[PDB]
Structures are given as C-alpha cells and as structure tokens.
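Analysis of the macromolecular model
As a plain string of letters, each chain reads:
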Amino acid sequence: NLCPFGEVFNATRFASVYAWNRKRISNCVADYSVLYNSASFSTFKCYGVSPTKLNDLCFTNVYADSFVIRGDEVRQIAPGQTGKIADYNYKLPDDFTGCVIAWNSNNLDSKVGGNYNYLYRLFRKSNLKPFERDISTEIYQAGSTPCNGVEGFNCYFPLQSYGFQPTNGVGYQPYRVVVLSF
Amino acid sequence: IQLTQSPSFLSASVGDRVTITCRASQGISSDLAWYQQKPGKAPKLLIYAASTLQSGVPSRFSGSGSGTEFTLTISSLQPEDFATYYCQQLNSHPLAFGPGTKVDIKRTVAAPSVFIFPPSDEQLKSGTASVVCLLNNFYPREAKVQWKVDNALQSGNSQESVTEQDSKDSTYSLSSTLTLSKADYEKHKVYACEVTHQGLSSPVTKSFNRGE
Amino acid sequence: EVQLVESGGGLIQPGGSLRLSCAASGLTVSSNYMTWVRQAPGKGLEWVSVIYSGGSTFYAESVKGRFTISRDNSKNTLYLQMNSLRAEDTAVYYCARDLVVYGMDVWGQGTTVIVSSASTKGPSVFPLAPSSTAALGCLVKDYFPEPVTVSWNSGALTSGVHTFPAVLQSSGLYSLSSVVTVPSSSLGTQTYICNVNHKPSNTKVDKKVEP
C-alpha cells in the first residue's frame, strides 16, 4: 500500500475556511520530499521537522485539513499568529508540529463575476481554540440589545463572502491550503 | 494597498452632477467605502461595498466601481454637500484611506496677485529671516510656488498656509514662507517668488534684492 | 443613543505620554472591531490602531511600541495609551466602530493632541513692508498656545484683510501671517497698524507697517 495524497489535493471542489475539512490518514509511508516537487507550491513550510527527513519517519496519527483563504491571509495559517482568520476561522496551536501547503487557484475558484461559494466568519466574541471548527450561522449580537435572530442594526450575519474576481491583486486572490498535522 | 483620488480639488456649483474617482494599487473587487468630512467634523460614512447606500444617506449619493477604479457620484449637488470626500479599503487590519477630494464652490478663473515681502529689520536682529510670498484671491486653487534664491531653486525650507474659500468672493489666498538664518540671508542678494497658476499665461516671478 | 464620546486630548511635551478615552453608548466595544484614526493638520485620515472583539490588537508601523490600545468591558470604554510622543503625533484622534464589510458607521467627535515643548509665550510681530493695489501685512511669529487675534487700524480697516491659519512649526511655536491689500495711492499718506492680541500671554501688541 501507499498513502493517498491525490484525494485531498487534486479534489475538484474545495471547502470554505470556517467549515474546513479534516481528512484522517491511517496508512504506510508517505512521499513528502515527493510533494515538495509533486507540483509548484507558492508556500511549503513545516513547523516541526526538516522536510527532507519526513520520509524517514512515521506517526501515531496524521490529519490533512483543507480550505480556501486569500493570499495575504495565507500567512495566518502558522503557529502563534493572530488575525481575522486565525482568531475566528482556523487556529493552529502554538506547539503545532507539521507542515503547511498552499498554492494559487485563481483559475479554479474565481469566476468573472466573482465566485461567492467561499465564505469566512467575520464576527465572533471569542477566539477559536486550536483545531476548532465553528459552523453556526447565528445572528451576531454587536449591541447591548439582543437580536433574536433578525438581521438589523448591531445584529449582523456572522459569515461574509469572498469576492473572487480574476481581476484581483495577488493578495485578494484565492489560495487553496492544506495543513498536515502530527 | 494604496488609494488615490483624481481631483485633489473639484469645482462645482449647486445643482451640478459631480464625480470623484478612487484608484486602487491592485485589485480589491468592490471592497470600498466612501466618507464625507466637513471641517472640524467627524467623517460620515456614505457608501459601503462600493455601491450600497449607507442608511440615512440622501439618495443623491451613488457608488460605482469594481476591481481597481471606483467613482462616487452626487447627481444634483446641494449646498449641504460641499465637503471633502475620502475613499477607504474595507478592512480590519491596515486601513487605506484615499488622499481626499475637496469639492469647491465654482467661480470664474481669477488669477492671483503675487506679492513678495522681505524680512524685517527687527527680525534680523533676532538671528532669523523670513521671506514671505503672498498669492492673493485666486480661484481654481491649484497653485505651484517655487522659491529661487540667487537664481537657484530652493526646496525644503518653505511652508504654505491657505485661507479656506472666502465667503465673499469664493477665492483662495495662499502664503509661502521661506525661513533662513540671518547668516544665510546675508550670503545671497536676490530672492524671487515664482508662481504657477491656471489664470496666468506664464509664471509670474516677483523678486527683490537684499540691500534694495 | 449611538455615540462615541472622546476625551483626554490636550497639550504634551515630546516624549511624554497621554491616554485617550472613547466612551461608547449604543454599541458594545468588547464585541466590536474598534479603531483609532488620526488626522494630522491639513492631512487626510490615517489608521493608528485596531482591536478585535476576541482581543487581537494591531498597530500602524509608525506607532508600534509607543501606542497601546485597550478596552474596559465594565465601563464600555476604548483606550489609546500614547507613549514616547512626538512632534509628528500632533493631530486630531478619531475613534470609530468598524463593521469590516459594512464600513465605519459610528465615529467619535474627535479629540486634539498637540505635542510641543513650548509652554506659553507671546508672539513677536514683524512688518511685511510693501514696495513700489499694494499689499502689506504682519508676521505673527513664535507664540504658544493658540489663538491670536489680528485687526487692522484698531478695527477701522477690515476689507481685503486675510489672516492665514496658524502653522505649528518644528520649533514647537505657532506662526501666522496677516495681510491686507490697500490702494497704493495711500501708501505714504494713510496709516496702517495691525493690532495683535494673545490673551494666553496677556500680549497686546501694535505695529506700524510702512515702506
């Protein structure tokens, strides 16, 4: 047997960041010096080990999370980082030990009008605990006065769209991200 | 990401249809907001998401734009609407504002009367010299002022003040002030104030000589 | 009522420290992107700091380390602690609420912060001599704090008079100039006197401006 990485990478449709996907792996040796070259990869950074001595190891359990963010937000998928995405969408723990993979997908997840399938959570009262996935679409209460689930002033829908135009700058273009955990 | 606005100053009169433009460094599709600020007052939000009307904003304000070039539009200007208008990138983490577009009361082109004043006897006693240049009662408001001393340009020791538009004749007056030490001021003989304005066919250069 | 009411601005020597308050009503500051914005004199808006509802704080590179944004859920108040203040920190500081995708709808009245080492001195008035409509004027230089009044001929002459906005120069002192245009026939005959009053320094000063 081998390890399936074509599944989580070459998947035809990807997940939104707030509702990120987690795939488990329970296999034999995995080809990591071989992913570094398996394609071009605008980001390939590991926070637990030298990338060349991954093939010379195997683990108790390995997870692959995938989602889409914006490029200037890819820097947030790393330990000890704060911001709109790490606070409210996908936190990595501080002792995170693993590797972070991302690449431009302007031709896949954009459309000329602007592809809006992909969402993020903008409002939350508290930060996410690491490896937390919060999927509630409950009206966010910005005020003293409570909402009871009606959008209005100080009563905001917590999820907002990404506007993905092919016209965008690199920071605002969609990047697909895969996070290998150990 | 950096934002710019095309009319630094915009002439317009009550009733007119005015248009301001914001241009973004790279592409930020429809993530723009428009603010209006009158003098001394807090900015007031006008447009968000580049085209949605902020609640309670009169419907004569409108927003167009996507990608990299956006426009705010006042369909029929009113007296209340003379102010400065800023664009902003919708963001949390850095906040890019535009430089601002000021909307003038329109008036026919009035060229400036240009005057130059040497420093006083009294001030030179105190070890400093101030060469003042006055641009007086000009309309279109864009005005280049260039200090030449012994016929070399001088950059970086001058400051400009500007009256806000006059409530009597709708014109501006401006003062450029060149500051030098008494030591330097004696080392040169000619001091000239060259002025560029739309109402002048060619630059007016007012000058004097030290020791007259 | 929906307000952000600011307080705490004033006069501070360079290197000093100051704490600005934003008292909110109509919106919970603990629950919101709150932001500090400034406007240096004659300049546009500029982002200072932002604090997220979960507590992350971010800063404009020019203020990292010196400034500190904070909040007090009990008092419903946002703070800007300004340390190691600089002449370039002089500005009006605005306090705003940011619905990131929906703009900044709720602003504060503003609060002024003057950074200078000056501590109250009265102006020195210098004549802007005319030459051969002429113009003449007064150069009101090196005073603190603002304001000063300028009249001509003890109130008699007002038509054609322009007093320019005070520029706080890098010396820490204000400076303005006042001018009036007069018909050149009256140069040698008509008397021209500008009167300058600086109540903070109890300075009344009258200068004759003649060629």
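Residues numbered from 1 in each chain as written, not as in the entry; some residues may be left out. Chains lettered and ligands numbered in written order. Heavy atoms only, no water.

- Deposited coordinates in this entry are attributed by the record to X-ray crystallography, at a stated resolution of 3.1900 Å.

**Digging into the domain arrangement of chain B**
Residues and elements named next belong to chain B.
- Splitting chain B by domain gives domain 1 (3-105) and domain 2 (113-209).
- Each partner contributes to the interface: domain 1 provides 5 residues, whereas domain 2 provides 8 residues.
- Where domain 1 packs against domain 2, one counts 1 salt bridge.
- Looking at the side of domain 1 that touches domain 2, the element that brings in the most residues is strand β10 (residues 101-105), giving 3 residues.
- Across the side of domain 1 that touches domain 2, the residue classes break down as 2 nonpolar, 1 polar and 2 charged. (Domains from an automatic or database assignment. Contact = heavy atoms within 4.5 Å. Salt bridge = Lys/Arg side-chain N within 4 Å of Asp/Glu carboxyl O. Helix = DSSP H or I, 4+ residues; strand = E, 2+ residues; numbered from the N terminus. Nonpolar A, V, L, I, M, F, W, Y, C, P; charged D, E, K, R; others polar.)

**Structural notes on the pattern of salt bridges**
- Tallied over the full model, the rule gives 21 salt bridges over all chains.
- Salt-bridge contacts for A:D134 lead to A:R121; the nearest nitrogen and oxygen are separated by 3.5 Å. Of this pair, A:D134 sits in the loop between β5 (119-121) and β6 (140-141) while A:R121 sits in strand β5, and the two are 13 residues apart along the sequence. Of the two residues examined, A:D134 and A:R121, each falls in the buried class.
- B:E80 is paired through a salt bridge with B:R60; the nearest N and O atoms lie 2.4 Å apart. Pair noted here: B:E80 is in the loop between β8 (69-74) and β9 (84-89) and B:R60 is in the loop between β6 (52-53) and β7 (61-66), with a separation of 20 residues, a long-range link.
- Through salt bridges that share partners, A:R121, A:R124, A:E132 and A:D134 make up one connected network. (Buried < 20%, exposed > 50% of the residue type's maximum accessible area, 1.4 Å probe, protein only.)

**A closer look at the nonpolar core**
- Ranked by internal contacts, the top residues of the largest apolar core, which has 95 residues, are A:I77, C:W36 and C:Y93.
- Element by element, the count of residues in this core is highest for strand β9 (residues 91-99) of chain C, at 6 residues.
- Residues B:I28, B:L32, B:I47 and B:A83 belong to the second largest nonpolar core, which totals 26 residues. (Core = buried A, V, L, I, M, F, W, Y, C linked by side-chain atoms within 4.5 Å.)

**A short note on the sheet that holds strand β7 (residues 67-72) of chain C**
Residue and element names in this part refer to chain C.
- Taken together, 4 strands build an open sheet; the order of strands is β1-β3-β8-β7 and the sheet is antiparallel. This sheet does not close on itself; its edge strands, each paired only once, are β1 (3-7) and β7. Sheet twist, expressed as the average angle between the axes of neighbouring strands with direction ignored, equals 20°.
- Across 5 bridges, the pairing between β1 and strand β3 (residues 18-25) is antiparallel. Each residue of the ladder has a partner; that of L4, found in β3, is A24. (Pairing = 2+ DSSP bridges. Axes fitted to C-alpha atoms, helices over the stretch in contact; angles between N-to-C directions.)

**Considerations on the domain arrangement of chain C**
- Domain assignment breaks chain C into domain 1 (3-115) and domain 2 (124-208).
- Domain 1 of chain C and domain 2 of chain C are separated by 37 Å when their C-alpha centres are compared.

**Description of the sheet that holds strand β11 (residues 113-117) of chain B**
Residue and element names in this part refer to chain B.
- Strand order in the open sheet formed by 4 strands is β11-β12-β16-β15, with antiparallel pairing between adjacent strands. Edge strands, defined here as strands with exactly one partner in the open sheet, are β11 and β15 (158-162). The mean inter-strand angle of the sheet, taken between neighbouring strand axes irrespective of direction, is 15°.
- When β11 meets strand β12 (residues 128-138), the two strands line up antiparallel, connected through 5 bridges. When the sheet's bridge partners are listed, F117 is paired in β12 with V132.

**Describing the pairing of strand β17 (residues 193-198) of chain C**
Residue and element names in this part refer to chain C.
- When you tally the buried positions in β17, you get 5 out of 6 residues, the bulk of the element.
- Examined bridge by bridge, strand β14 (residues 149-152) and β17 share 4 bridges and lie antiparallel to one another. When the bridges of β17 are listed, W152 appears paired with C194.
- Both β17 and strand β18 (residues 203-208) contribute to a ladder of 6 bridges, which runs antiparallel. Each residue of the ladder has a partner; that of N195, found in β18, is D206.
- Between the antiparallel neighbours β17 and β18 lie 4 residues, among them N202 with a positive phi of about 50°.

**Considering the interface of chain A and chain B**
- Each partner contributes residues to the interface: chain A has 10 residues there, and chain B has 12 residues.
- Between chain A and chain B, roughly 700 Å² of surface is buried when both sides are summed, and carbon and sulfur atoms account for 39% of that area.
- Between chain A and chain B we count 0 salt bridges in total.
- Remark: the boundary between chain A and chain B carries 6 residue pairs in polar contact.
- In the side of chain A that touches chain B, the residues fall into 2 nonpolar, 6 polar and 2 charged. (Buried area = accessible area lost by both parts, 1.4 Å probe. Polar contact = N/O pair within 3.5 Å; in protein donor to acceptor, adjacent residues only side chain to side chain.)

**Brief notes about the environment of C:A166**
Residue and element names in this part refer to chain C.
- Tracing the sequence through the fold places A166 in the loop between β15 (161-163) and β16 (174-182).
- Taking the C-alpha atoms as reference, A166 lies 7.9 Å from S177; in sequence the two are 11 residues apart.
- The residues touching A166, leaving out its near neighbours within four places in the chain, are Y143, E146, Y174, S175 and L176.

**Observations regarding the state of the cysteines**
- In this structure the tally under the stated criterion is 6 disulfides over all chains.
- Between the sulfur of B:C133 and that of B:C193 lies a disulfide, 2.1 Å long from S to S. Across the S-S bond linking B:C133 and B:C193, the dihedral sits near -75°, which makes this disulfide left-handed. Within this pair, whereas B:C133 is found in strand β12, its partner B:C193 is found in strand β17 (residues 190-196), the two being separated by 60 residues in sequence. Side by side, B:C133 and B:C193 carry an identical accessibility label, which is buried.
- Of note for chain C: the bonded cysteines, numbered N- to C-terminal, pair according to 1-2, 3-4.
- A:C3 forms no disulfide, and the closest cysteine sulfur to it belongs to A:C58, at a distance of 7.0 Å. (Disulfide = S-S within 2.5 Å.)

**Quick notes on the packing of aromatic side chains**
- One pass over the structure, following the stated rule, counts 34 aromatic pairs over all chains.
- Relative to B:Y191, the ring of B:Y185 lies with its centre 5.0 Å away and its plane at 40°, an arrangement referred to as tilted. Accessibility assignment for this pair places B:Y185 and B:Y191 in one class, buried.
- Taken together, a centroid distance of 4.8 Å and an interplanar angle of 70° make the contact between C:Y33 and C:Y52 edge-to-face. Linking C:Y33 in strand β4 (residues 33-39) with C:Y52 in the loop between β5 (45-51) and β6 (57-59), this pair joins segments that are 19 residues apart in sequence. Taken as a pair, C:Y33 and C:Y52 share a single burial class, namely buried. (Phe/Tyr/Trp six-rings, centres within 6.5 Å; stacked < 30°, edge-to-face > 60°.)

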